[PDB]
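Have a look at the structure below before the remarks.
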Amino acid sequence: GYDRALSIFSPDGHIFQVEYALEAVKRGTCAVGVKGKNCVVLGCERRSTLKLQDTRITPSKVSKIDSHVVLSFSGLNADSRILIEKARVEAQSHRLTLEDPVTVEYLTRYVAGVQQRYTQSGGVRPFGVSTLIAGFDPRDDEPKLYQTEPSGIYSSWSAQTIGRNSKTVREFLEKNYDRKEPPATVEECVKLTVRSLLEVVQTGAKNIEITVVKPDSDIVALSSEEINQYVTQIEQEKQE
Amino acid sequence: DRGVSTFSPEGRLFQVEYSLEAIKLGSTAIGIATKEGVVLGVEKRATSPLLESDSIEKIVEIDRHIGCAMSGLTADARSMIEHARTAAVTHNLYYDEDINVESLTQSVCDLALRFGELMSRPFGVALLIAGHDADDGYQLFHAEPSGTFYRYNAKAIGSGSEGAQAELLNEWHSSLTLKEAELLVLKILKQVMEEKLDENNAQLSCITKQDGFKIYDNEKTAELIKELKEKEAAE
Amino acid sequence: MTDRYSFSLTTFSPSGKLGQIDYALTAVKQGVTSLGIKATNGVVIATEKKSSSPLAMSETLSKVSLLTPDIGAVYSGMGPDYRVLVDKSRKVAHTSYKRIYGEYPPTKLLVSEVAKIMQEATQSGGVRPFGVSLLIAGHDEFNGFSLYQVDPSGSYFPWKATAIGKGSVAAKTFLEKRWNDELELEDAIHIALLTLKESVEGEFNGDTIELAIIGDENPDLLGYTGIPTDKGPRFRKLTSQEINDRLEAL
Amino acid sequence: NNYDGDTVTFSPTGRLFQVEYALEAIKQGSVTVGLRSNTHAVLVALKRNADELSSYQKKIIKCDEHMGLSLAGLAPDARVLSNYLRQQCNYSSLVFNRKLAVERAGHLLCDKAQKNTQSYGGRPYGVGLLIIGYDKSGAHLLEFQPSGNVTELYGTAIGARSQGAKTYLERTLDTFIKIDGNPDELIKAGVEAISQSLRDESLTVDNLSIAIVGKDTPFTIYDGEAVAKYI
Amino acid sequence: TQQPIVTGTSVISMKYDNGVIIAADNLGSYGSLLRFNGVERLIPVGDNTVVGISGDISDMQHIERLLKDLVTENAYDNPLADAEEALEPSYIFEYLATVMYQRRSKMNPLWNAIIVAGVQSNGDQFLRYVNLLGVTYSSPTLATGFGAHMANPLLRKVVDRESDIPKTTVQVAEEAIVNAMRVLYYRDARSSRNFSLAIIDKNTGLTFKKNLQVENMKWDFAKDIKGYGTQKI
Amino acid sequence: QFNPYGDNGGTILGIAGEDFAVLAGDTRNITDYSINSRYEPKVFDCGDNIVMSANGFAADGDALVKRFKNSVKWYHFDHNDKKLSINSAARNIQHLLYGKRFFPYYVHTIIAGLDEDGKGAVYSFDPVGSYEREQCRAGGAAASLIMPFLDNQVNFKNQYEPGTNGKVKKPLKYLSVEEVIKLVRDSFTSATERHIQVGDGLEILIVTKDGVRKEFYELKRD
Amino acid sequence: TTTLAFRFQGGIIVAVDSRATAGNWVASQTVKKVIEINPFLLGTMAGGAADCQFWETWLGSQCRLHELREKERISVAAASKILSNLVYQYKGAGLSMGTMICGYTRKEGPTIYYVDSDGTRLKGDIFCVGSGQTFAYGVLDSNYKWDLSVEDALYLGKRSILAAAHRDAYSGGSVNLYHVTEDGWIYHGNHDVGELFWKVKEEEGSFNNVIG
Amino acid sequence: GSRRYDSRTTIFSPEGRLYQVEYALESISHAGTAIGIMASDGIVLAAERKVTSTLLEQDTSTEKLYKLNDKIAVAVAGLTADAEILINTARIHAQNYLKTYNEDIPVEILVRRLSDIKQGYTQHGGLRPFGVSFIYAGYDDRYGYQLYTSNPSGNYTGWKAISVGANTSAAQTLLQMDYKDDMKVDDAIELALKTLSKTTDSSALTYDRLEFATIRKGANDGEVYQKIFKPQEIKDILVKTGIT
Ligand SMILES: [Mg+2]
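Chains as they are written, first to last, in the authors' numbering: chain Q, 1 to 240; chain R, 1 to 117, 125 to 242; chain O, 1 to 250; chain S, 3 to 233; chain a, 1 to 233; chain Z, 1 to 222; chain Y, 1 to 212; chain P, 1 to 244.
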């Protein structure tokens, strides 16, 4: 079998294949995650270079791993499917053996472990994908939001963004997100998430996707018109 | 290109030497061994204020009598910790006893040189392994990606290590109390950290014979930081 | 030891070219000319027996090979590569078809199997592509007579008539002027001999030319009588004398 | 130069550079001495610390009741090779009820190191070993190089500044070979030998490591206050 | 799992003051058919050891080839192969005992019972038994098969415990062994008159005696035995 | 059909005292009605002040003792010459035995020594590795003849104080090493009389803080 | 053998006998049939002694690894399933087990799982396993209430084993009692059946069929 | 040893691109154009054969349009031999699904499976990727008529109208101009042929240079029919739409 060590150290102590995988993430469409007091919202950018697209059937950017946990990503689309499939299989395996669904931290720790493994295994390249994993632990009402990256490190975030122009939207979130008082309602959380994407997106038309996850497996994706109403209200307050 | 297991003209393995450079870029970790216990402390170093810092886990329990702190590419440490935990539990299963701290460390270091064309590269992380056993008392080890481990009375690893080690050279003596060691780790972490040290960007832990391995609460560490500030202002 | 070449030796270059396949096609271009023509009641394939030495017995080197009783093959390019491909093609006709369905494969499907083997030498680890282009002629009950070309890449195309190798460009032009959909087999053989004469320098006779047909069933070549449904092979290699007889009416 | 990328490549003058680079790792290592009489065999090793807070790296490893070695170079490689010796000593005892001859132990180490010098993907061992033992033909001392070369000697030294100790033993040859039935005097000669390789530093109580095996003496290692008697 | 086909019967042995003695007959049986009459079942290894084998002959020939290979292998890179590093009786036994137990553990045994007799480097007598199950034991006298039931009782009258060994000369020991072989010929239906005997002494070395015969047999009393009860003629 | 198992007879006995422990066994080895050896040692010093015996099928017994002795050697190599405690040895032997759960060592194993408080200790195993610390344990052929006697004379079972008539038990007073050896000798003398596989000799290994001592006594040879 | 375990208001009572037999021969009267998996989990021994000992101390190791990895006490559901999934892999090979895995956690409360060597895994309130199981069930079924006190529940378990020890030839020796709380199990002593029988006979007035 | 000759087909560039994937896409841009258009009452697949000959046997020839099952077909752009490897794998996957669940495989599930196979060759194994882009035309009872594309990276997307191969930039602009949502199959047939006629590198678009296929519910009552057009039928539809 093909055994070649593709991920190796350089004289300055860097692993370039892992670092170049981060550059693939930088190219991907922007993704953002914001947790409120009783919810988490995942926002995603859709590049409008592709029209004549069939939006019914085209792969959506946010994926359910289980009924209570979701995963979004920035980077190579094909690579993300492999991580999503593995995560979905592990979620069902955990239910089968422990008789309890995965915690958000556990699912994150698993996906991050897979990513790390692909950085010191022979014959493979790292995943060109960073993920945002969000949801609620079983029988718990505390919101959870984690991030993973090609190296395999992971951590929890009050709010975070990944992908192209994520430096800009993180700037916005760092001055607009207060830890002592997070977005108290679904409305406030969705509004702050749409606002953060409008710093980067272009037209607020079919370019913004929003998914809301609440406790006890309550997950719903907002439609074009519902998001369009947030887009309308934000700019009418801005004209002042 | 060139082999992953190649020797340099000086008789050193290229990949091992390069991984040591990655460890120099890592966040600082310090350990101090006393006759009353061993203390372990780390710099958390969050990349952004929106990152919830209590999810940064750079101090980890291996068993009740053994703890561990890391510095470098911390993702690489996960399989090392997994192996260490498995080795500690497996030995207890086979021998109905606690495993010696040295024996645990040796088991972890056996993984290090298992790379080639096994894993594709060495680990990019260094570990401070602290613990207690009946035969050799309180112990602190430094496990490297070369497969070598040294025992230490005190040791610092990461980006601020050589400045910290010089400080540990002057401060350590064989009569240190546990309380004195706690303040000493905090003092030296504060010295080498970029940001100002508080209970949210630094973490303390210890291992004693009585209570075993414990990670300190942010409230407990905050008090020790206040105690440090006052005694430095006392002269 | 162990084969430690588990990686591809054929890769895409910045311009999108697969270098090793292009270079394999160049090796085919240097090869001796071979051709094929399809008639209403048969198919003919032909090539020159370029003898490496006059001390060599060129009858012992077969450029035109029987694959099945109703399918034959000829090549241009590297001879040794062709020989092993004929071995593999003969075996795969049995293992992946005759041992399953109890009959020989139709021309198009055997061609498909040979093509697959040639494609894999273009992607698998530690190997180079085959340096040959094949012309495969055959007959089967439901598709009738057919003629196919297979290239180093694994690509294959059906032809009414074609040529490969050294003087293929000139030969294909010659065939375009002479071919029609009303040709009888004897007319196609006549045209094949006319076409092949242009690319041959030295001697042009039954001993220097190798020619075979896919035509009527030959009960005389079956080897046994008693089964009405078995009527014999449609592949027949023409003798040295049979070629010379048609060179007088040339 | 162009011929040092791997162990599978000879140079135009017939050299194997990867093996020579592995030999260089031994020269960087701390000094260790080996010597023997007709009744006993002794190892003396200067242990190296990282700093004043650190311990002194152990240099001597026991392989059986009648055999053991001292190391200089990559310590993990010594662990791999000493583990292999422990297994081979053990196989000999379990299967044949026989203590493994020191000479045969050298042959096994040679062959194990050789396989890593002729194949692609691998690397040579980066450590040198001094094996002492007492078997059916008396006391023995061996020197192992990761090239595969194993040599039987009266005395020797490997590591940094080992040339000073090696010359001393070459002078004292006729004296120390005659030290029969006196373990303390044989160790004294070994401690005096390793002293010819010291600069700036001297032999302290946590610096010195001594091992001995003999006629009625199992392989035992002395460290700490047990070597103060010889300082 | 198999069944023995061509087989060899008893092997007998004992210790004496300066060494050990071992003996076995020269027959290879095929069931009740006394098929092969020139089979050597005592196999010397060097000048200090003799291995006596009973049971399956095909497996015996295999073991014989293993011992031959063992001598070859020991000599490789061994300057003291004929001195301090020569094969000891204890080395040869432990090797065989390892093989026998391994083979029974794979459910494919070497269908034999084996006695290793010899003298060690320090002059000590060596005598130990091993069989198809890997079972091992030592005793001043040892015997296999029928020998265990008939020879041991006779040999134990000479050396009953350890302290009887220094009091037993080589003449007294050989006499006892030869008598036991006669008794076995009287009473074992799978035995022959022809046998081999080997002495390993710490002073005089290995003495190997071939083509020995059972002699001084009592048969004359048979002439007076008539019928099975009441018959007089 | 080939039978991989056999029965070599023999009987063993382990008793734990206050600051000592004894492991005794007869020296006779047999198959069916024949004697293989009148003196074949069955109780072994395994190092680290631990004595062991694996009674039953002698091939499996020798194999197990050999592997445990080996385990003691490698414990020293792997864990800086640490003394293997009797409890740790016991757990290790369980894993050796259970490793062959589906093709078992056909033996009954007993080990003896001192625990980490210096008090006498005996451990007992079944063929597949289940084990228990015990005060008193006989194993092998004549185990059923010996254990009831020990229940009565070591643990004072069914014995009450005269005058009380069943109301007050006889108090469990501690026995000396001389007293235990008397009971061991009488146990084997009685077993020799009534069990055909028991006889020839008795070898006792005594374990104290000072080390391991041996005592040998003749038994009837019929 | 007789082993039982039942759920009640104050947690779980586990009670076992102490006898081991080889045919008619009583091998031991001092067998520990409650395996202390960890300070919070208990397992009972029935069927194969080795199979139960070995795999339930192994279970303790797996539970310890779980809480090191997840930083949380393992559930009784998860602990019992690790054991049942393991023995199911060996189904057909000849393992012999019948055990009750007993624990008390926050999310579950007092929980008992019966685990079997043919793969069975049953949650329940009262389980009784062994050669004397039917005798112990009788005393349990007729006296069991959820609102038993800790003192009365401990006695009920002790009395049920005594019933089995009396009638079943292969049960006896002594009774071992355990009380499982949320903060861990508590040992409630070893009780010789010989002395216990006479004590219970006099104090309770039961066993009038037996002369004392 | 062997490392010397390894091209390392599965590595990132400094910019975070996969060299071999990018170069394989360059190869595909020289292949004959294939177009797929989705309508309310069916799907059209049209594709251009590469510079042919008069002596090519067209009526038995197939290089562009392949049947995966009775409900799903593909248009190929790239190396034909590479495509046939993947096509046979896809045909097997469809039959595996039908055997397992006793229902025809949903279009997207088949597309995802083939796309995952392509992805693997970019992340592990050290082999060159498949130089193929597919247009999938299919029907199932969940989403109805569907159009997808996949490329050597293993990425796939859904479309109302799409082109692969040569001149996709020009073709996609022409489709984006004339496509409407309420369009019918007969209108889509005309759009596909008109688009090829304008983007072709040949002098004129004739029947012998085309492969054509429709997937219609124009099958008698609630069922779907695949129609791989014959040479004479392509000639007739060219006259009907007024191109020849
Ligand atoms: Mg008796």
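Here a beta-carbon is modelled for each residue, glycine too, at the ideal position from N, C-alpha and C.
Pair every Cβ in the stretch 207-222 of chain R with every Cβ in the stretch 96-103 of chain S, then say whether three or more of these pairs are closer than 8 Å. Contact between the stretch 207-222 of chain R and the stretch 96-103 of chain S is absent, with fewer than three C-beta pairs closer than 8 Å.
Would you identify the three-state DSSP class for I65/Q, choosing helix, strand or coil? Indexing the first sequence from 1 puts residue 65/Q at position 65. Secondary structure at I65/Q: coil, using DSSP grouped into helix, strand and coil.
Using 8 Å as the threshold, is the stretch 12-25 of chain Z in touch with the stretch 41-52 of chain Z, meaning 3 or more CB pairs across them? yes
For ligand 1, I want to know if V99/a counts as a neighbour, meaning its beta carbon is within less than 7 Å of at least one of the ligand's heavy atoms. Counting from one through the fifth sequence, the residue named residue 99/a turns up at place 99. Because no heavy atom of ligand 1 lies under 7 Å away, the Cβ of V99/a does not count as near it: no.
Against chain R, does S61/Y count as a neighbour if the rule is that its beta carbon must be under 8 Å from one of theirs? As a first step, residue 61/Y is located in the seventh sequence; it is residue number 61 there, counting from the start. It does: the Cβ of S61/Y has a partner Cβ on chain R nearer than 8 Å.
Anything in the stretch 80-114 of chain Y with a Cβ closer than 9 Å to a Cβ of chain Q? List those residues in chain order, please. Taking 9 Å as the cut-off between beta carbons, the residues of the stretch 80-114 of chain Y near chain Q are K81, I82, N85, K107, in sequence order.
Per-residue contacts from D77/a into chain S (C-beta, under 8 Å): Along the fifth sequence, read from residue 1 onward, the residue named residue 77/a stands at position 77. What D77/a touches in chain S: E105, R106, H109.
Closer than 8 Å is the cut-off here; do at least three beta carbon pairs connect the stretch 123-134 of chain P with the stretch 68-86 of chain P? With a cut-off of 8 Å, the stretch 68-86 of chain P and the stretch 123-134 of chain P count as touching, because enough Cβ pairs lie within range.
Would you mind stating whether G232/O and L221/O have Cβ atoms separated by less than 8 Å? Here residue 232/O is taken as the residue at index 232 of the third sequence, counted from 1. Here residue 221/O is taken as the residue at index 221 of the third sequence, counted from 1. Contact: yes.
Do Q119/P and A87/Q have their C-beta atoms within less than 8 Å of each other? Sequence index remark: in the eighth sequence, residue 119/P carries index 119 (1-based). Sequence index remark: in the first sequence, residue 87/Q carries index 87 (1-based). Against a cut-off of 8 Å, the Cβ pair of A87/Q and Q119/P comes out as no contact.
Regarding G199/Z and ligand 1, is the C-beta to nearest heavy atom distance less than 7 Å? Mapped onto the sixth sequence, residue 199/Z falls at position 199. Checking every heavy atom of ligand 1 against the Cβ of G199/Z, one is found closer than 7 Å.
Could you tell me whether the stretch 50-57 of chain P touches the stretch 81-100 of chain O, using the rule of 3 or more Cβ pairs below 8 Å? no
In this structure, what does DSSP give as the bridge partners for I136/O? As a position in the third sequence, residue 136/O is number 136, starting the count at 1. DSSP, once it has assigned bridges, lists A73/O, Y148/O as partnering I136/O.
Quick check on DSSP: helix, strand or coil for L18/S? Locating residue 18/S in the fourth sequence gives position 16, counting from the first residue. It is coil, neither helix nor strand.
Measure from the alpha carbon of residue 245/Q to the alpha carbon of each residue in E240/Q, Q239/Q, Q233/Q, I210/Q, then state which is nearest. No information on residue 245/Q is available, as it lies outside the stretch 1 to 240 that chain Q covers here.
Neighbouring residues, chain R, relative to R73/Y (Cβ below 9 Å): The residue given as residue 73/Y occupies position 73 in the seventh sequence. Result: empty, since nearest Cβ-Cβ is about 15 Å, beyond 9 Å.
Taking the alpha-carbon positions, what's the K60/S to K49/S distance? To locate residue 60/S, count along the fourth sequence from 1; it is residue 58. To locate residue 49/S, count along the fourth sequence from 1; it is residue 47. Cα-Cα distance, rounded: 6 Å.
So the beta strand (DSSP E) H30/P belongs to, where does it begin and stop? Within the eighth sequence, the letter at position 30 stands for residue 30/P. Careful: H30/P lies outside any beta strand (DSSP E) and carries neither H nor E.
Would you kindly check if the distance between the Cβ of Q133/Y and the Cβ of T44/Y is under 8 Å? The count along the seventh sequence starts at 1 and reaches residue 44/Y at position 44. The count along the seventh sequence starts at 1 and reaches residue 133/Y at position 133. No. Outside cutoff.
Let me check understanding here. Comparing Cα to Cα, which of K217/S, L25/S, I62/S, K138/S lies closest to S72/S? The sequence position of residue 72/S within the fourth sequence is 70, counting from 1. Ranking the options by Cα distance to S72/S, first place goes to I62/S.
Rounded to whole angstroms, what is the Cα-Cα separation between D181/P and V69/Q? The residue you call residue 181/P lines up with position 181 of the eighth sequence. The residue you call residue 69/Q lines up with position 69 of the first sequence. Distance between the alpha carbons of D181/P and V69/Q is about 36 Å.
Short Cβ contact (8 Å threshold) for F57/Z with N3/Z: Reading the sixth sequence from its first residue, position 57 is the one you call residue 57/Z. Reading the sixth sequence from its first residue, position 3 is the one you call residue 3/Z. Not closer than 8 Å, so no.
Heavy atom of ligand 1 within 7 Å of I196/Z beta-carbon: Position 196 of the sixth sequence, counted from the first residue, corresponds to residue 196/Z. Because some heavy atom of ligand 1 lies under 7 Å away, the Cβ of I196/Z counts as near it: yes.
Beta carbon of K220/Z: closer than 7 Å to some heavy atom of ligand 2? Absence of ligand 2 from the depicted structure is noted, with ligand 1 being the only ligands included.
Just the chain O side, please: which residues come within less than 7 Å of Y106/Q by C-beta, in chain order? The residue given as residue 106/Q occupies position 106 in the first sequence. Ordered by position in chain O, no residue passes the 7 Å Cβ test against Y106/Q, which lies about 36 Å from the chain.
Check for me: the beta strand (DSSP E) holding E48/P runs from which residue to which? What you label residue 48/P is simply residue 48 of the eighth sequence in a count that begins at 1. Residues 42-48.
Between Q15/R and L96/Z, what straight-line distance do the alpha-carbon atoms span, to the nearest angstrom? Reading the second sequence from its first residue, position 15 is the one you call residue 15/R. Reading the sixth sequence from its first residue, position 96 is the one you call residue 96/Z. Taking the straight line from one Cα to the other gives about 40 Å.
Tell me, please, whether the CB atom of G122/Q is closer than 8 Å to any CB atom in chain O? Numbered from its first residue, the first sequence carries residue 122/Q at position 122. Chain O, which has no Cβ nearer than 8 Å to the Cβ of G122/Q, makes this no.
Backbone CA spacing between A205/Q and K64/P [nearest angstrom]: To locate residue 205/Q, count along the first sequence from 1; it is residue 205. To locate residue 64/P, count along the eighth sequence from 1; it is residue 64. Answer to the nearest angstrom: the Cα atoms are 37 Å apart.
Which residue comes first and which comes last in the beta strand (DSSP E) that contains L87/S? Mapped onto the fourth sequence, residue 87/S falls at position 85. From DSSP, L87/S is part of no beta strand (DSSP E) but of the alpha helix (DSSP H) over 77-98.
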